[PDB]
Each structure stands twice: as structure tokens, then as C-alpha cells.
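Shown here is one chain on its own, the form deposited in one PDB entry, set out as C-alpha cells.
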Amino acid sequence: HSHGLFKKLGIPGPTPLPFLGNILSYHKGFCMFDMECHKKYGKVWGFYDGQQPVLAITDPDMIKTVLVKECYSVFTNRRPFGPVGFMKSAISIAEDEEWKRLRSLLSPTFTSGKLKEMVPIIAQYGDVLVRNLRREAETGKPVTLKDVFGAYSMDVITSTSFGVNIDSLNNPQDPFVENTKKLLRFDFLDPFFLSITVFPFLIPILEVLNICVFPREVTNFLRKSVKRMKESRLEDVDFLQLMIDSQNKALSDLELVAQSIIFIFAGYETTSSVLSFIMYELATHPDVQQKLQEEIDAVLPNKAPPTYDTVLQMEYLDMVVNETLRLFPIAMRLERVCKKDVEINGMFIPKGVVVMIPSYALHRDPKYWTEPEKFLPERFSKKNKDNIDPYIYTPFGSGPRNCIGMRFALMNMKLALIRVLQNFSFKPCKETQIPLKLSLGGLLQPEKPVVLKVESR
């Protein structure tokens, strides 16, 4: 249909099939498709998700123009995504003025100030993690990181968001953990979403049937569960409180539920998935593991409890986290819908085009990264951290729509790692997939789950 767009504008790209566009090229996943296109075509290129034209861009100035400069004017929203039901009101999903309102109503929740107050509560579930791990370190049986990390990551969420306090690894069947684990980061290469991409005219069909990519049952569990806690604390420290206090243009109650749902997933599969990637890289590079175990003990001698300030003090820890996020940027791509005919850094961009930054492919670009497949934390030494274009390395996005939970996500993940490297070491098992292979699907996740050996220090 609209498959002449890039051929006119003089932008190169893979030739689209009728109806499908270029989607059959996703058979190795977004990341691999993005790398190929980068090499085959250079700095800019175009392709079609069904009839949806997508313009990839790799110029840091141009990227900065889209993500920062012209964000409010032209590139305000992300690719429409449906069917979502009442989740239209989630911040990550909302548009234009509604999003601007929600970003405001929700920003002070994520300050360095409020973040320092969540430390002692986040500190408490680190210790729960250790005990579950030593039960396996004392029973010489290899460990799947995702289960134990997610048990931890969930434990922090439920708490930092509603006060609920479960040992999700040892009380995994209590009514709360059941619903909350039923979140699934959406495989955009799964049967369902490829059908969307080729039949996006079916989203409104599904919307009028109250179908939701968020299971209609988990949402109902928390919609009421919030209006219980809402009326329990009212009247008699967490995200809900910080959002309830805000509605005192102000936030509504079902909007509040929707943000709660986004926050819960946000820090579940993500925090847990990033922790897994770090632990893998640690186990397969044992020296880095040792160098970090030294710094954790120098700043916190005698296995001293990590504090907010001791965490920012640690610099090799930061380097490890960053270099992991370079090799596994869980978002893979950034995207904005171009809402007006515009011209940025010398290129005409018509209305409706989705503009896409290929984060995974830029993190692995040899034109900016020496030995880009190698896990080498020193790239982020304060000697070299200045050489790195913040518009090439973008694991949390950028501009007015970057990751709202970035600080919290780094803090949470580091508090988990300080505590864990104070007590154990991590070894490849025979069953450990080395080298790790990324799922060919639509998520940045390992093909096989990560299994390692855990020895008690």
C-alpha cells in the first residue's frame, strides 16, 4: 500500500513484501535484523512493519534531536500499542498532554531524595536472598538465577510499591505472588503481536471486546486490591502512598492502579533479567568478579551493610553494571511516532513515520566499540567514561521520555549485588550455556536460562 515511501524519499532499505512489509526478516529477532541493516545500509534506513513505515537513525545529533530537542514538539509518543483497555492510562503507554500530566504527577516519586528513603526497606530483602541462596550453596546443586533473582526482585517491588512483605521464594503461593508473577514481557515476535503488525486494523476490533494484552484477571485483582489498601491506610513510604498523597489535573484512582501495574512489571522481569545477565558475565569472567569483591569489602569492611552513599561510592560496580547494559540493553530499540511533517539535521521526515533508534545495534557497533562483543568493564573507567557518546550508549533512553525508574533500578540492582558478592562466589556449571545465546524471539533474554554454581564465602 504505502510501500513506496522510502523509495521516494531516497532512503535505502530491504524491499518489502505485500501485506507483510519486512516482517519475515524478524526470524532472527529485532537485534540481529537491526545489525544487518546497520551494516548493509549505513547511517539511516527504512523498512515496514506491515504497512507501518519505520525509519531507523544512527546519528547522535539526529538522535538527540528526536529524543530531546523536538521531543515535545514532534516526537512525543511511542508506537501505538494495543489492545490495552484501561491501561491506556499507564504513563509508559500514554500520549501527548495526558502523558505530560502523568510524568509530572509521578516524577517526584523517583527523586534522589525519596530514593534514599527506600534503602533500608530494600536492604531487608537482600538478606532474604542470601538465606535462600546458601540453602543451595550448602546443597551442591546448580542454581537458576532468574528464579532466585526474581524472587528477590518481586520481594522489593511488592514492598516498595504497597508495603506487602512476602518471602516469594518460600511463600510463593500466597495470593499476592500468584497474580503478580503472571506478568509476561510481551514477545513482540510471538504469534499474537506479529498478527497485530500485519492487522493493526484489528486492535480497535479487540478494544471493543474488552480484550487486553494485560490479562483481564490480574488487573481486576489489583484494581480492587488498591482500593482496599487505599481505604486501609486512609485512614490509619511506598509508591502507592506517594501516588495517593499526590491526588490530595490531579491523579485519579484507576489511573493510580495502572501506574502500579507498569511499575510492578517494570522492576520485575527487568531488574531480575539484568541481574541475571550481570551474574552470567561475572561467572564467565572470574577476575572481574574478584576485583569487584575487593571493592565491596574495602568500602564495606567486615561485610558492612551497604548504604545509599556507600553505593554511589562504588565505581567498579558501576562499570560492571554499565558494561552489562551495553551488551544486553533490555529495551533493544527506542521509538517515537513523528507527529508532524518535519526536517531534522537535514532530512525530511513525513508525518506518521515511526522513528527508531537501534540501541542494541549501536551498543555493538565496532565503529564506536573496540571488540564490541567482549565484556570489558574498563570501557567505563573514569578515564574512558568521558569518551562515550550518551547518544550511542542509551540503555535508559534519553530526553523527557527516558526511563523514569533509572536511578531506582540501578540502586535496587546494586544493593542486591553488594550483599550477594559479600557472601558467595559464582562458578560456571557444566550446564551453563557458554557463550550465552540470545533468544531469537522478541525479548532480550537468554535462549536457555542461566544456571551457575554458588559457593559460600
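We call the rigid core whatever largest set of C-alpha positions still superposes within 1.5 Å between the two forms. Heads up: residue numbers just count along the shown sequence, starting at 1. Shifts are known only where both forms have a C-alpha.
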Legend entry - Gap at residue 281 across at least one third of the other PDB entries: no
Inset, instruction - Answer yes if residue 185 is missing coordinates in at least a third of the other compared entries, and no if every one of them models it. - result: yes
Legend entry - Between residue 248 and residue 249 - deposited residues without coordinates, as a size class: 4 to 9
Inset, instruction - Going by the record, give me the number of deposited-sequence residues missing between residue 236 and residue 237 as none, 1 to 3, 4 to 9, or 10 or more. - result: 4 to 9
Legend entry - Between 381-389 and 90-98 (mean CA B-factor, as deposited), the higher: 381-389
Inset, instruction - Could you check the entry and say whether 146-154 or 352-360 has the higher mean CA B-factor? - result: 146-154
Inset, instruction - Name the one of 204, 80, 366, 85 with the greatest CA B-factor according to the PDB entry. - result: 366
Legend entry - Candidate set 269, 323, 190, 174 [ranked by C-alpha B-factor, highest]: 174
Inset, instruction - Would you check the entry's CA temperature factor for residue 329 and let me know if it's in the chain's lowest, middle or highest third? - result: lowest
Legend entry - Ranked C-alpha temperature factor of residue 373 among modelled chain residues, by third: middle
Legend entry - Among modelled residues of the same chain, the CA temperature factor third for residue 446: middle
Inset, instruction - Check where residue 76 lands among this chain's C-alpha B-factors and tell me if it's the lowest, middle or highest third. - result: lowest
Legend entry - Record-listed C-alpha B factor of residue 315: chain third: middle
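Note that the form deposited in another entry isn't included here; everything after this is about it.
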Legend entry - Core-fitted Cα difference of 2 Å or more between this form and the one not shown, single residue among 82, 286, 372, 305: 82
Legend entry - Residue shift check between this form and the one not shown, rigid core fit, residue 217 Cα at least 2 Å: yes
Legend entry - Pairwise C-alpha change, residue 270 versus residue 215, in that other deposited form against this form - closer or farther, 3 angstroms or more: farther
Legend entry - Sense of CA distance change between residue 83 and residue 73 in that other deposited form, threshold 3 Å: closer
Inset, instruction - For a shift of 2 angstroms or more at every C-alpha, which runs of three or more consecutive residues qualify between this form and the one not shown, with the core superposed? - result: 82-84, 187-190, 212-217
